[PDB]
Structures are given as structure tokens and as C-alpha cells.
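Residues per chain are reported as follows:
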Amino acid sequence: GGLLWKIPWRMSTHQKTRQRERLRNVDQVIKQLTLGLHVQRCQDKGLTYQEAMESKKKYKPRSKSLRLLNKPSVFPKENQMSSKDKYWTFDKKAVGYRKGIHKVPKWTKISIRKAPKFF
Amino acid sequence: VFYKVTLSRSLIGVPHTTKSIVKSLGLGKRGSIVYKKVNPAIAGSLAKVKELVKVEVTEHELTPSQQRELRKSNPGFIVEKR
RNA sequence: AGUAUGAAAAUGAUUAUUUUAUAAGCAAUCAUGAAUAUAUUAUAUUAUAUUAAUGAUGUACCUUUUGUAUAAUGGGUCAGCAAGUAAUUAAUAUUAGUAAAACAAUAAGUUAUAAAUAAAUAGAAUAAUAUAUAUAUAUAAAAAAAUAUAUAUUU
RNA sequence: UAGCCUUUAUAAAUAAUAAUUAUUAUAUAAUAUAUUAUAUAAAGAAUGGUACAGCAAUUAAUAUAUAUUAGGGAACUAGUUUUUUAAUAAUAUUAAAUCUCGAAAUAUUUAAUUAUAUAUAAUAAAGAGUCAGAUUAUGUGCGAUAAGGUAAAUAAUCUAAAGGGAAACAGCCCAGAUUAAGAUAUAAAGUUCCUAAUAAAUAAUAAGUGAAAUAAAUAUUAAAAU
RNA sequence: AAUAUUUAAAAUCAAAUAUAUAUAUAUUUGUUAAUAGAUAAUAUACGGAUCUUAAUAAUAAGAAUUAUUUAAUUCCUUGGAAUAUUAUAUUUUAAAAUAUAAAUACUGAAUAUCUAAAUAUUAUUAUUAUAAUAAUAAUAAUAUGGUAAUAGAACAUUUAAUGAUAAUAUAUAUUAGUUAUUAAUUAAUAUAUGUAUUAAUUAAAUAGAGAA
RNA sequence: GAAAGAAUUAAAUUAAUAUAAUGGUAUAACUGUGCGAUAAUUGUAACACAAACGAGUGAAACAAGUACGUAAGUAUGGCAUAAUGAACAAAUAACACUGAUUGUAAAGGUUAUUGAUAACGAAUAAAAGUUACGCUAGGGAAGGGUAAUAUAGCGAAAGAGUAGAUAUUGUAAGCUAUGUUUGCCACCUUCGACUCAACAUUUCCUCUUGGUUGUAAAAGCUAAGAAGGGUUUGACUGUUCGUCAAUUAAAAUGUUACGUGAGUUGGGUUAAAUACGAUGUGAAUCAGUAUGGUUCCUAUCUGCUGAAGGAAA
Ligand SMILES: [Mg+2]
Ligand SMILES: [Mg+2]
Ligand SMILES: [Mg+2]
Ligand SMILES: [Mg+2]
Ligand SMILES: [Mg+2]
Ligand SMILES: [Mg+2]
Ligand SMILES: [Mg+2]
Ligand SMILES: [Mg+2]
Ligand SMILES: [Mg+2]
Ligand SMILES: [Mg+2]
Ligand SMILES: [Mg+2]
Ligand SMILES: [Mg+2]
Ligand SMILES: [Mg+2]
Ligand SMILES: [Mg+2]
Ligand SMILES: [Mg+2]
Ligand SMILES: [Mg+2]
Ligand SMILES: [Mg+2]
Ligand SMILES: [Mg+2]
Ligand SMILES: [Mg+2]
Ligand SMILES: [Mg+2]
Ligand SMILES: [Mg+2]
Ligand SMILES: [Mg+2]
Ligand SMILES: [Mg+2]
Ligand SMILES: [Mg+2]
Ligand SMILES: [Mg+2]
Ligand SMILES: [Mg+2]
Ligand SMILES: [Mg+2]
Ligand SMILES: [Mg+2]
Ligand SMILES: [Mg+2]
Ligand SMILES: [Mg+2]
Ligand SMILES: [Mg+2]
Ligand SMILES: [Mg+2]
Ligand SMILES: [Mg+2]
Ligand SMILES: [Mg+2]
Ligand SMILES: [Mg+2]
Ligand SMILES: [Mg+2]
Ligand SMILES: [Mg+2]
Ligand SMILES: [Mg+2]
Ligand SMILES: [Mg+2]
Ligand SMILES: [Mg+2]
Ligand SMILES: [Mg+2]
Ligand SMILES: [Mg+2]
Ligand SMILES: [Mg+2]
Ligand SMILES: [Mg+2]
Ligand SMILES: [Mg+2]
Ligand SMILES: [Mg+2]
Ligand SMILES: [Mg+2]
Ligand SMILES: [Mg+2]
Ligand SMILES: [Mg+2]
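Residues numbered from 1 in each chain as written, not as in the entry; some residues may be left out. Chains lettered and ligands numbered in written order. Part of a larger assembly, values for the part shown. Heavy atoms only, no water.

Selection rule: UniProt positions are given in the numbering used here, feature names are shortened, and annotations may be inferred rather than shown by experiment.
If you check the PDB entry, chain B appears there as uL30m from Saccharomyces cerevisiae. The deposited PDB record carries the title "Structure of the yeast mitochondrial ribosome - Class A". Recorded in UniProt for chain B, the comment headed Subunit runs: "Component of the mitochondrial large ribosomal subunit (mt-LSU). Mature yeast 74S mitochondrial ribosomes consist of a small (37S) and a large (54S) subunit. The 37S small subunit contains a 15S ribosomal RNA (15S mt-rRNA) and 34 different proteins. The 54S large subunit contains a 21S rRNA (21S mt-rRNA) and 46 different proteins." Its UniProt record gives chain B the following Sequence similarities comment, quoted word for word: "Belongs to the universal ribosomal protein uL30 family."

Chain A is annotated in the PDB entry as mL60 from Saccharomyces cerevisiae. Check the Subunit section of the UniProt entry for chain A; it says "Component of the mitochondrial large ribosomal subunit (mt-LSU). Mature yeast 74S mitochondrial ribosomes consist of a small (37S) and a large (54S) subunit. The 37S small subunit contains a 15S ribosomal RNA (15S mt-rRNA) and 34 different proteins. The 54S large subunit contains a 21S rRNA (21S mt-rRNA) and 46 different proteins." Heading Subcellular location of the UniProt record for chain A holds this comment: "Mitochondrion".

Below you can see the structure in the form of C-alpha cells.
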């Protein structure tokens, strides 16, 4: 290994904060998507925008992917997530079966919340 | 109701399927704002690119001209010709 | 190796301005003091020009390579010279001329005007769009594959 | 030659790209134990056999004061018991590139709908170049679970991409330079000084451990929980 | 206290979210540290300085390491409210009371916006003179890194065809201006020439050299 | 209640399939049996799959004829996926198409068939070696990485040690370091001697110290600190190495382009000459042996050794 890819094995505090913020943003996006759908469905039934926003009973999304994203068991929120799953991917060939998320290529775009139950 | 979607991240490190989805959605460059009438189809498409994009719901959409007008900064002066 | 002329450059010496004897690397660019020069509108607290205070950024150029600051190629510098051109043809395209004809006008020829078929004495609505017709295979004649021909004016 | 690139055009043109709907079940309401609507749940039309999971059949491995089949010993007067040797059965437990009876996600992929049209496909007439590739990540073959190794699979970047970060850096993290301007949002990465930018909270460390390239079995000393 | 394990949130408990809801069901989260082991040849090598805090005593420092977090702290549902803080002003006796503010952490690209300029296309205009056009100028949008390659548009140079003009001119050179500038033009200065095969349009090329 | 039939359910594709392996097959594609021996036929084949082209694959339908079946229908070889070869040039037939003045002919064409190019998209009907006498065009189409090996260490301790695993020893298996050996990779196209050495410490000697029923003493053995100083001369060989001789306090191990050829040498390795043994028909060749035998360099910069001038004191 003569070429030096000087990437540290762990993240800095600032990196971790940025990661957390990014995670929070994707959750927010999902929430917005569900909310807009609900609003649209209220409008279709025949309420005003404000009335729809007020509504006690929020409509859950019917499409599959959205419904999965909504579930925390499948796609957890940043507040829900463990410290470890925010900053460590599962890597079967690593010692500890764990690897920094920053070592994943395009980790800033690519999402990866859920690790295996005991790894 | 309308999703105001914004292409927050670039499409440089992004695979080709996700690029194609972004193109279909209508977003060109980074930070280029697009309003979309809400429906299941557009919602699913947005979910597919959830990490590149910032979405927020709105009462009304805005045409490109309106958006431009909103953007324009205040010229702090009033011309008086003589 | 003509004759004039020659502030063309490389190159040498000298003078002037400016910087330089505690500072380290493509010697430039950008920031920025100072010094000097010029300026018949510097009215100035001015403008331009020249100059390695000081600060920041800055890994020659080409070639060949997956990849070159490379200790890979090539160049001492400047001046001059040094590389997709012609002929005879064919196919496309664009325009222009003429146009069911064109070129040529002496005739002759080339292309077009009919599609086929290895080739032969075969060759396009019997009452209309293919469901008709022509050709090649086949045949008594159709059907069948293929391509072509037809819905005031021929293309 | 095809693949990928370019130019000029053609339409009774959207055929392209992306997603949704499509299914199953439950509850509620309305009609005729069925149908429709609404809401919710379910990795949700069709195709599949990798991961995972599993030991079924196949191929392999282990154990039985268990049973049967024979054999070798052994005690009394050929019969009999025990300590057994293998095989077979029974029961329990295990694994495999060429085992999958269970089984994902990603994937392949169809209709209509919506969204992309200052956008795509297809076709027609013409021009190319290229066929030494590299690294990173993931899943493998070879190698020794060695190589800046080698061989291909998928994605990205470099190739041909300047800019910010990673001390310096082809391939990593961001992000694509038409020309400026420099007020505002920022990305990745940073905020004691060098060096543009910082203040807090709660724990732990005392080894300069560490502070952007994490060195192992094991040992000692503590600390919690039982 | 002693012996022996484990270093765990599966179970268990605690806390939080979602469905009927003072409870039940389902989901999500929470379970050690230090040292030794430790190791080669130009020179210490976190990039370097340097970083672990301390009462008296500061209008003042107290990780710049590791782990979990925040953008002053606490409740309620990004937002408001309360709480103290900090700074400031006023009033009263260096303190107290009142009120105003700050709470949007910041840096950061050739990213995006704004601000202007250019070209190209699409869609609207305006002005001036296939007028369904051309030129120029507006507005909105999209696009403009590029090797191999493809396509489009220009300029310099030399010759041929046509061709005014003139030493107050032309050409070449130097210096300083000008025009979004390989080019040309203005002025000054110099040297030549009684003068552009000149401007412009065509036709062509021994038509552009830091790379053999 | 009994007999017979029709059968259904469960299981099975582990047998069998002309033939490998895979998929399929009991609704059988497997097996038996009647007829038959035909469809192991003739012209057009769309449309798909696959696909650079050349080819390859499935195939509806139309037309002619055939075999089986009461009929429905089925058959354009085999349950499927291998069982193969272009043109050119010859050859054989059929076709009635051309017939170089006309007629015949020849010769060519169409249709069907034939043999191989296995380096198997086949260059020709037909082609092996050698060069250290070689030549031209190009390409690189010890250092670096690795650490299997090697060297060193650690953990655990079977076992030796008169008794006791751990004074000293330490099987096989375990965890590391090193980049000193032999390899592997292919980014990257000279051994020894002399001379002068610089550095490391994993210490051979000298200094300090722990352990040593195996430290009585003296010699040792083993371990910790320690790089200040020191660490060989000869015979043999080109050798480093090694064997030995004589010494020494000791004759340590490396790194430095296995330091040092613009500093020396040139014995080894190395081309031209020649011979020997072996190999080859031979030219010639060799992880062979032997004699002979070719590079040079005035120092520009860095650096180092000395010596001046200038200077800001
Ligand atoms: Mg000085
Ligand atoms: Mg110097
Ligand atoms: Mg050099
Ligand atoms: Mg060079
Ligand atoms: Mg040279
Ligand atoms: Mg016939
Ligand atoms: Mg090609
Ligand atoms: Mg469609
Ligand atoms: Mg497999
Ligand atoms: Mg199965
Ligand atoms: Mg290749
Ligand atoms: Mg490689
Ligand atoms: Mg290249
Ligand atoms: Mg770059
Ligand atoms: Mg690119
Ligand atoms: Mg761009
Ligand atoms: Mg340290
Ligand atoms: Mg380090
Ligand atoms: Mg739990
Ligand atoms: Mg060091
Ligand atoms: Mg640092
Ligand atoms: Mg920009
Ligand atoms: Mg461009
Ligand atoms: Mg020339
Ligand atoms: Mg020249
Ligand atoms: Mg040039
Ligand atoms: Mg068979
Ligand atoms: Mg079988
Ligand atoms: Mg296909
Ligand atoms: Mg084909
Ligand atoms: Mg059969
Ligand atoms: Mg031949
Ligand atoms: Mg004749
Ligand atoms: Mg061949
Ligand atoms: Mg071949
Ligand atoms: Mg060949
Ligand atoms: Mg041959
Ligand atoms: Mg010889
Ligand atoms: Mg090495
Ligand atoms: Mg013993
Ligand atoms: Mg051993
Ligand atoms: Mg003694
Ligand atoms: Mg030592
Ligand atoms: Mg001393
Ligand atoms: Mg001697
Ligand atoms: Mg050497
Ligand atoms: Mg030398
Ligand atoms: Mg040298
Ligand atoms: Mg002699």
C-alpha cells in the first residue's frame, strides 16, 4: 500500500454533527412528503388547505415505499437511531464487523440507517 | 397543494438511475427550484431521491417569472431624470 | 555569392532609474508600501509608466501514457525554412441552372423516365387501395414470402 | 463490424425516462353469504432462487449402559450372559462453488395514469474516434481471506475536470470554470496560533494515551452487573 | 467483606414513539477503562508550535484528547412562553429596581441566488428599415469544463479580378491611449516613398511553428 | 351384510430417457402393444428469439402429397440443449435459362448432391532450424509493493533438567514484529578486492545489575541497563562465505543503490579466437570446463576540505 489514502478510521465531532443534520433532513423530507399527500387527500374529500392542516386524523400513505419509510423499524429517525448506527456501518470483512460510515463511498448522499440486529 | 422541491445536492457522485429520476422530476442544476402538484406518483419519485432533494409543501405554486421577481434584490435608489 | 537599405532578434560592453549583502525553490500572477520618470486641463489629496520592500498563491513546456514536477521523450538561444496537395474516378449533401427530362447540339453517348429475375420470347386497377396489378418461387388459376405499381394532373 | 460520439432532417409521432395504480387481509357503511365505497395494515400485478435461513432428499460429520444383525472373547451344565467390534435402524445434534423443501432487498418487467416537451425515444441521409485503461467501494475466482498482484461483475470518479477538503495527493470526501462582480445562502471540511472561523453542556482519560494513516494474542491493575 | 462468573437492553428493567387510550399492544433506545505487550539503520516528526490548570487574585486561563450532545437554560406545541445570563441605558442608595437588546453560532468552493456583460435556443415585446424578414435593444427560461472526435463562424499573411484617394498622404517601426482586443485604430516620434493591386466583394494559396 | 366394477387419495420421476451434464418428464417426454414405416415428404415461410457480419434457434399460416386415428386431430425425424466447416477450383445428375456469324456444340448459369481447410472465419496446391559475426525499426506495451519462506520476539507449556514445566532447556499447534534470506508481483528497463568509511543496536569485548536445589570459589549459563571506546593477521579459493594456522579483551550483527568503478582494481561474471565433455542430421548449442581478451571524462550546480575578498559595526 504505497499510495496514501489518508482517511482516518473515525470521524471528528464536526463531521458527526453534519451527519446528524443530514439524517434529520431526510426524515424531514419524508415527513413533508407524507404531509403533502395527506393535504391533497383532504382537498380531494373537500376541505380547505388550512382545514386539512388542522385535521386531527392524518392520512397515512398508501404507496408502499412511503409507508415503509414511515415505519421506524424499517427506516428510523435520527432521534430514534442508536449512536452506533449514525456513525458506523456494518462491514462483514472488518474486525468488529463494523466500519465508519465516512468510509462508505458517497456517504453524504447515500442513506444507511438500519444495521443487522446483533452486528 | 404543491411540493416545492429543490435539488440540494449535486448529481456528480450519484448513480445513473437516480440521475434519471432527478431528470424526470424536472430538476436541472443544483439549487434549482421546481413546484409539483402533489400526487402519489410524484411523492414516490421524490422518496426515491430523498437525500439529494429538499421538499416543502405549499398552498400555491409559483411560475418562473414570479419566482424571479421574488428573488430580485432591492435597489436602494429612486432615479429622477433631469 | 546581385545592389541598396536595415532602432528584426539572439548576443556583448557601457550608462541611467529602481531593488538587492539574515535569505531558500518554474522567478510569474494578485495584493501593497516606497523611489523615480513622463504628463501645454497634475485644479490635486492627480494620472500613467518603470522598479524581485513586504504579504499571499503558484510542482516549466511539449510528446507518450492507466498515470509524468518527474530523476520518462525532445529542445543551447534567436532569425529564416519545414507537413492533408494534385490528377482520374465513385458516392453523399447544400445551393444555382434546366426540369419529365438533364448534360450535349455534329452525331454519338451518360443519367433519369419501371419494378423484377441467374437468365429467357415476361412487365404494373378486367369495375379502384389492396382485398387490384407486376415480377421472382410455385401453378390449371388462385393463395403464400418478398419488393414495386396505381386513390384538373404523369414522377 | 457492432457498442459509445457528431451533423442534418422526418412525422396521422410520446412510442422515451421516473413514479403511481394493479394484490392480499381487516374494520366501517351501503346494496344483492356476494359486490361497491372509505379507512387502515401488509416489503403489496407477473418473473426469479442469491444473501439469509435450513438439514428435507443428495453428498458429508458426531454421539448414544437404545434396538437388530453377525463376529471375537467369557462363566456354568451345544444352550447363556456380559464387555464389546463393525454395519443397519432409532433418537438428538451439525455443513456444502457445482444441496435448496423456506426465503428477502436490490433486480428483470407489463398496461393505463400522472410528471418531464426550451425534453426524450424511433427512423432516414451522412462523418468519426476508440478496441493498452486506472483507482475507490461492494460481492467473488486465482493467490497464502498476500501484493500499488491477477481475472472478470455493479457503481462512481480519473481518463478528458479546473475549484474547496483530505499536510503534500490522477482515481477518496464535496462540487462541474461562458465573462465578471463579491452582498446573501451554503457543500465537504474546519473554527488556540501558524490559518479564513467558537462558545457551551455532561461524562471519561493522566497514559502526551491521544491530538486525519486505530498493532494482535496474552498479562497486570482497576470499574460495573450478577 | 469473601468466593466465582459475565461485561450483557436477547431477556429484564427504565425511557421515548405509534395504534384503542390514566391501561394494553407494537416499535425504538440505554450495559467498562487504563497500562504493558510496542521494535533499525541521514533527523524529533500529531503537517508544525503546542495542548491535560491553580486557591490567594485578577473587567481575564483552566484540552487544542476521547465519547454523547447543544447553539444561552427549562417546559409547551421549526414555533412561542418562562427563566436566569451577558451588554447597555435610566432612576435610586460600588449595589438595588425598571427597561432595550442579543439569542437567527461562525468560516468555507470557480456550488446556488443577487448584481451586471456575452453567445445560443425557446416564448413574448419595443425601435429602425421569406417586413411571416433583417439589424439592434428589452424581459422570462434553459444551456455554455473538455482529450480522441464531429460541426459552425471569424481573423492575420500572399497572389488575381474590380478600385476612389494622396507628402495636410501612405507604409514600416517604437512608445503611450481606444474598441470585449490573435485584429485594427488614435497621437507623438523616426525612416522611407510623389506613393497603396489600398477599403470592400469574390477567386484562390508554398496561408499562421516552442516542439520532427 | 357381501361380491364385482369404476376408481379416487397418498407416494413416486430415487428407475427409465440411444449417449455427457443440467433442466424436463407418471397429464408421462418412460414402458408395452396394433397399424405402419409414413412427416428422416415438396414450393412459399410471416413473426419472434438470439445476434457485428457470416451464421444459429423456435415457428403461425398458405399451397401439393402421404401415414396413423371412429373422431378430434397428430406427424416437415429423435424430451431438450453437442454430433461441426465459408468461398474458390473440380466432380455427378436433373433443369431448358444463355448458346459470341447462323444451326448444332462447347462452355457458363439455375436446382440437388460430393469430398476439408481441427492453428477448426479456412492466407499458398506447396516451406524447418541457426547466429556469442550479426543488422534496422520500436517497446521496455537493483528501486517499489508483498511477507509464503527466512530472522527475531511474545503467549500458553507437552517434555527434558539425579527430585521440580518456567536455573537452563521449550515438540507440534497459537499471536506479532522485521524487511537482513529464498520467493511472488511487474509501477519501474555486476560479485569480490583496495580506499575511505557514516549510521543503527537485535551487544561480541569493556562498565553497572537481577536469577542461577542447577551462584561455595574460579570459570560459566541466562536475563535487564549500556552504542563512550574497541572489535585480526596469515595459508587455500575470483570468491563474500567456508576450512584451517597463529593471535586477541573481543575477533557481534546489520543498514547505507547487498555504501563506495565521473575514487582504484578487473580475479569472477561477461561478446568476438580456440579446445574439451555432453546435446543436435547439421549450422550451432550448454543453471558445463578451460586459455586469451576494450570504454573514457579538464567538474557547471549541489555537497564537502581548505583559503581569500566584500559586508551593516
Ligand atoms: Mg537586509
Ligand atoms: Mg539561493
Ligand atoms: Mg532535477
Ligand atoms: Mg525532462
Ligand atoms: Mg537534451
Ligand atoms: Mg417455374
Ligand atoms: Mg466504427
Ligand atoms: Mg408512456
Ligand atoms: Mg451460487
Ligand atoms: Mg424452495
Ligand atoms: Mg483489450
Ligand atoms: Mg492493478
Ligand atoms: Mg489517453
Ligand atoms: Mg480535480
Ligand atoms: Mg464526467
Ligand atoms: Mg459548466
Ligand atoms: Mg502522541
Ligand atoms: Mg498518526
Ligand atoms: Mg430491547
Ligand atoms: Mg523517527
Ligand atoms: Mg492536523
Ligand atoms: Mg457558477
Ligand atoms: Mg465547450
Ligand atoms: Mg507554410
Ligand atoms: Mg520561427
Ligand atoms: Mg505558439
Ligand atoms: Mg431420447
Ligand atoms: Mg435428470
Ligand atoms: Mg434481443
Ligand atoms: Mg442477422
Ligand atoms: Mg419420442
Ligand atoms: Mg485455395
Ligand atoms: Mg455459334
Ligand atoms: Mg487460425
Ligand atoms: Mg481462427
Ligand atoms: Mg487465418
Ligand atoms: Mg505454414
Ligand atoms: Mg564463442
Ligand atoms: Mg524491496
Ligand atoms: Mg519432567
Ligand atoms: Mg513450535
Ligand atoms: Mg563466581
Ligand atoms: Mg538494549
Ligand atoms: Mg561522556
Ligand atoms: Mg599470499
Ligand atoms: Mg554494492
Ligand atoms: Mg560513483
Ligand atoms: Mg555518478
Ligand atoms: Mg597473453
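What follows picks up the thread again.
Observations regarding the nonpolar core
Here is the rule we go by: Among the buried residues, those of types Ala, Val, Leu, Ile, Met, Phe, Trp, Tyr and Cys that are joined through side-chain atoms within 4.5 Å form a nonpolar core. Remark: exposure states derive from per-residue accessible area (1.4 Å probe, protein chains only) relative to the maximum for the residue type, with buried under 20%, exposed over 50%, and partly exposed in between. Should any heavy atoms of two residues lie within 4.5 Å, those residues are considered in contact.
One finds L33 of chain A together with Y3, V5, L46 and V53 of chain B to be the most contacted residues of the largest nonpolar core, which totals 34 residues. For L46 of chain B, the contacting residues outside a window of four places in its chain are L33 of chain A together with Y3, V5, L25, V53 and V55 of chain B. Membership of the second largest hydrophobic core comes to five residues, among which are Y87, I101, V104 and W107 of chain A.

A short note on the packing of helix α1 (residues 16–25) of chain B against helix α2 (residues 40–48) of chain B
All names here are of chain B. The cut-off we apply is this: Here an angle of 0 to 180 degrees is reported between the N-to-C directions of two axes, which are lines fitted to C-alpha atoms, with helices fitted over the stretch in contact. Helix numbering and strand numbering both begin at the N terminus, where a helix is a DSSP run of H or I of at least 4 residues and a strand a DSSP run of E of at least 2. Handedness of a helix crossing follows the sense of rotation of the near helix relative to the far helix, less than a right angle counterclockwise being left-handed and clockwise being right-handed. In this classification, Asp, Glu, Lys and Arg are treated as charged, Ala, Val, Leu, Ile, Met, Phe, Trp, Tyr, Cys and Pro as nonpolar, and every other residue, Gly included, as polar.
One can describe the packing of α1 onto α2 by two numbers: an axis separation of 10 Å at closest approach and a directional angle of 140 degrees. Seen along the crossing, α1 lies across α2 with a hand that is left-handed. Contacts between α1 and α2 involve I21, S24 and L25 from the first element and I42, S45, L46 and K48 from the second. Among the residues making up the contact of α1 with α2, the classes are represented as four nonpolar, two polar and one charged.

With respect to α2 of chain B
Condition: Polar contacts here mean pairs of N or O atoms no more than 3.5 Å apart (in protein, one a potential hydrogen donor and the other a potential acceptor; neighbouring residues in sequence count only if both atoms are side-chain atoms).
Every buried residue of α2 of chain B is accounted for by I42, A43, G44, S45, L46 and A47 of chain B. Buried residues along α2 of chain B sit against α1 (13–45) and α3 (64–70) of chain A together with β1 (2–7), α1, β2 (33–37) and β3 (53–58) of chain B. One side-chain oxygen of the residue at the start of α2 of chain B lies 3.3 Å from the amide nitrogen of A41 of chain B, identifying that residue as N39 of chain B.

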